[PDB]
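Shown next as structure tokens: one chain only, the form deposited in one PDB entry.
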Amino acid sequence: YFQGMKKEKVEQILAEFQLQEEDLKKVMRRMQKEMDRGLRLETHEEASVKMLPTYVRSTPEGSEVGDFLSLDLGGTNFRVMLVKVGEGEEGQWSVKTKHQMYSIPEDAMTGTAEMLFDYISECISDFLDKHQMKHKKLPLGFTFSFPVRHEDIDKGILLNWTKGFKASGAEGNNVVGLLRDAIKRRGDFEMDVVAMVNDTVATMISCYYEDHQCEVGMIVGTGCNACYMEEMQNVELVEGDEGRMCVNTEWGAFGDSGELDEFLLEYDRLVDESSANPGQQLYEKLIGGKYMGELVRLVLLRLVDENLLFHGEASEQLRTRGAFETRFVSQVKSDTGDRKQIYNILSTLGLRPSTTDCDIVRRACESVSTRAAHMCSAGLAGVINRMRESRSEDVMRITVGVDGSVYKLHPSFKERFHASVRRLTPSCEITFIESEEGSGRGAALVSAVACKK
């Protein structure tokens, strides 16, 4: 049969995306070597994986209560949230009270740091206006999801933008300062910026009240990263040898020194070469929702060239960079051969899809998505296995808090991810939980502990 012949040929093109268990162990071990290097004074500057100290400590610590503004920059949108923090019969609960999401126009994104933060300030103002509380002066917590060198919980230098951010005059500067300045320049409201955390960190924190075993935070959204509670004595960059501190791996930059060269496909190199940060964030580029749809687009385009898809004719849309969105990937079924959604997606893209085109698009989506899950699983496994060694436990029971557009909305991803992590982590009992408003709530909780002065 003809449609079978096309699918066999497709499958041989997509086999390239496979990763054997030994490929994943190789990646996992390489990741562990970079983590080791990032944690040590002598190799920290040259590590691809930076392992940044967050100054979020395991020490039970005094907390204020009340209302906090949480800002969240670094996902799809910028989010502003009122969060209530209070004491419970056990620990400290947090509850989202109000929330608004804002898109950020491309210009405010690739202009100056000042434009970007001015834009941020307008949105905050708009949200204060909506709830008539421009008069109040709140403690603000800032989830800012990019590589930051912290000197403390409320002072951090941006190391570099990732995920397509390009605002000039931001790198090397104090991010909290940029925000305070922008709010200052505006006038119509006041805020005490008291904390700044990575999204991985906020997410971990948000999950503590419900499960004291949560010591890993993971994000698979636009970007991909993880934080974990490291033995204070292994944190060579911070004085102290008791208890634990949250380390922000910034594992997205894994591969930035060649570590992944043998696994990169032409689609990967194409995506990297055309990105805002070529040569950087190579691991993230295999996984992140910012890149996943675009990888799929390049695969489809290859299949068209081989005359296996769309009768070798691609609409101008499909030939447009970024036209295949990541959400389309998540709107693609798996265990059921449903073609409805794919047919609609592809029609809107200006294509006349056959039943067979749909099935092939679904396989392309599965292939890219599945390799993302597998690659991601080697990183988390590397982390968790290392914690097991570092805590010298025969069996380690650990809870991982997860957030992000991709883990939450891609059902096939979640399942492939869990199974792969688990095969790679013998003698660890891993519980996964999806945080709810993890970024907003996590940030308020940190702000609460910071306000207590």
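Numbering starts at 1 and runs along the sequence shown.
The next section is about a form of this same protein that is not shown, the form solved in complex with a small molecule.
- Here the chain stands alone, but in the entry with it bound its contact with the small molecule, taken as any heavy atom within 4.5 Å, falls in 201-209 among 201-209, 268-276, 337-345, 365-373.
- Think of it this way: in the entry with it bound, the small molecule has a heavy atom of just one of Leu179, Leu309, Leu140, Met229 within 4.5 Å, and the residue is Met229.
- None of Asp126, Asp107, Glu242, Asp152 but one reaches within 4.5 angstroms of the small molecule in the entry with it bound through a heavy atom, and that residue is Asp152.
- A residue is said to contact a partner when one of its heavy atoms sits within 4.5 Å of a partner heavy atom; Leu69 fails this definition for the small molecule in the entry with it bound, lying far away.
- The shortest heavy atom separation between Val49 and the small molecule in the entry with it bound exceeds 4.5 Å.
- Under a 4.5 angstroms non-hydrogen atom cutoff, the small molecule in the entry with it bound has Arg57 among its neighbouring residues.
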